[PDB]
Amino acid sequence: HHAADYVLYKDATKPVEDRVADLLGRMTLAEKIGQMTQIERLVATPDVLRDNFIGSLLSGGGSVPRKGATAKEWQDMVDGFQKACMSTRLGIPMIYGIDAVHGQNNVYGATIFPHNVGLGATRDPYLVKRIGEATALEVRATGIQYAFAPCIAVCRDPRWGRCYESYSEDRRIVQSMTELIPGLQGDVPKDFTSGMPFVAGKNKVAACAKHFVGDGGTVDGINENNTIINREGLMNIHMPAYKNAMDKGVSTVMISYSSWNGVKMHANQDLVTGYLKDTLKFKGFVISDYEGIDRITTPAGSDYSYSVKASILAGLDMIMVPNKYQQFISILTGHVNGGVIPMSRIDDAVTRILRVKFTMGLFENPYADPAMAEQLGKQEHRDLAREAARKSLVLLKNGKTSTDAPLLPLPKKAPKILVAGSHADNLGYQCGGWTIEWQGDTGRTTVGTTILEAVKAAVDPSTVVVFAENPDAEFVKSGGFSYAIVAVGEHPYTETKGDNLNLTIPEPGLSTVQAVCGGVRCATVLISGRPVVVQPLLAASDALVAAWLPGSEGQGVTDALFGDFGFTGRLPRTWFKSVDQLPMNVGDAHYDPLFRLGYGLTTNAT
């Protein structure tokens, strides 16, 4: 067929489905099971990747080649792994995945965008699409081709430690925010069939709609727990955004740790094969969560043989093992050899994995583009993040009484002003979870601008800016301040350590706001992943802003505080009066909010 050593799957001009079928028909059982296996970079070596024909690698939260690694160091790491995979008999490139869920957030110097709850406050799907585009560039800067995003959970209880990863308690808002997908992957062609995977090429990444399904409905917002709701609530609240994801060509879907009415999602054939594959016609690949199959049993991992059987028969295609690959491969091999898992199931899994890889151009561009390194933290992306942060802010109060002068916007020229609070000069706190570390961290963990730095960058040069983290009342009264900006709120968290029943911010928080506001007119900036008990903060404050977790570009906060733009954000969640009310969502029969979903005050630019 020309060059005599012609191999159809290697021909870039051939249709994807032919390339897939041509490759699949050549593969051994070991090569097939290998494609279905995703491992952590922490256990990967060239020999492991080669000898086990490994299909994929990931960096989990915080899994980095080293602290402060450059874009090029990431590229070299990924390429080293890819070289080993390309040296197998069939030379099937690996796909490398990472949680780039608010920017390329594990990476030092990556732009950090606001978390999803704040993006929901913007009501601006095109903004989120643009965030997707920028995020894909920054992911490709590091040589990575696959992002485990978007999280399209509809969080129904803010006690959930991942509520900040949900755009909204209202599925319509979540559905509208699925525009992240064509940002990350590229717009699908005009003629596109819903459920087909799509990635436009080497400047884009495969996306992942997660976590399927009902991750946001767990009782008491307990992470990984039980979502007790009838089919109708599943289909009406938790499912719809997956259909929007299908229409936009999402390449992969990650299964939830959670259960739906006591059936583990990782073992749910009816939902994974019956509904996702056979009803929504999803033709991308279905990936497990991290040791998701282990958790089918209790205790987790107590019958790994059953875990493999149940998950693979339920219809999962790729397993995020991610560490005990040897055990996973041996066990699945055993099951296929003994007829417990038919070859048709293996071939369906591999067909889907290969379809994604071919479609996205991975066999044509398996290695990183060094020219992309400078997309990491690129200033235009930071300007986009700054826009997003600003648009995410919800003004909850702007004057203590209806006849008070509105405090916001503040004047940039004043003799002396105070910036205070535990969150005023702490980049880690303003980024929250999934930033550098899995759980986030405190202090200056990456490149960005804190609220304090933003204030100093914004004000007139005659304005004296004083910083005090936790000043007492006397310091404030004696200071001669025109006003104060005080930033407090939640510490960084994720899943189970964010699962919180009381939702009160840590002290000193309230006490600092009271000391400051008691001495001078104050704007309180609340940094949180979710609504928290706010009445005491409200009572003390002249103005109060819910800034959510705005990311690396704190100038977004000051853009609104000083009137360069008007406040436009609107609550994407219900603000409760008391945690005793929860769960309580817009449209419930007994709906008694402190602030209803959609609430937000506005301001004009000055």
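Start at 1 and count along the sequence shown; that's the residue number.
Q: Once you work out the mean C-alpha B-factor for both 532-540 and 425-433 from the entry, which is higher?
A: Mean B over CA atoms: larger for 532-540.
Q: So which stretch wins on mean C-alpha B-factor, 546-554 or 573-581?
A: Higher mean C-alpha B-factor in the PDB entry: 573-581.
Q: Going by the deposited entry, which of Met254, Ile329, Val219, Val128 has the highest CA temperature factor?
A: Of the candidates given, the C-alpha B-factor peaks at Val219.
Q: Hey, out of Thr496, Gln185, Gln75, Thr111, whose CA B-factor is highest in the deposited coordinates?
A: In the PDB entry, the greatest C-alpha B-factor among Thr496, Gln185, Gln75, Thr111 is found at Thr496.
Q: Thinking about Cα B factors across the chain, which third does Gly233 belong to?
A: It belongs to the highest third of the chain when residues are ordered by C-alpha B-factor.
Q: With respect to C-alpha B-factor, does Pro65 fall in the lowest, middle or highest third of the chain as deposited?
A: Within its chain, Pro65 is a middle-third residue by C-alpha B-factor, going by the deposited values.
Q: Considering only modelled residues of the same chain, in which third does the CA B-factor of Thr193 rank: lowest, middle or highest?
A: Ranked within chain, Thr193 CA B lands in the highest tercile.
Q: Which third of the chain holds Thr45 when residues are ordered by C-alpha B factor: lowest, middle or highest?
A: For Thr45, whose C-alpha B-factor we compare with every modelled residue in the chain, the answer is the highest third.
Q: Consider only the C-alpha atoms of the modelled residues in this chain, order them by B-factor as the entry records it, and name the third containing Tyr275: lowest, middle or highest.
A: Ranked within chain, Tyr275 CA B lands in the highest tercile.
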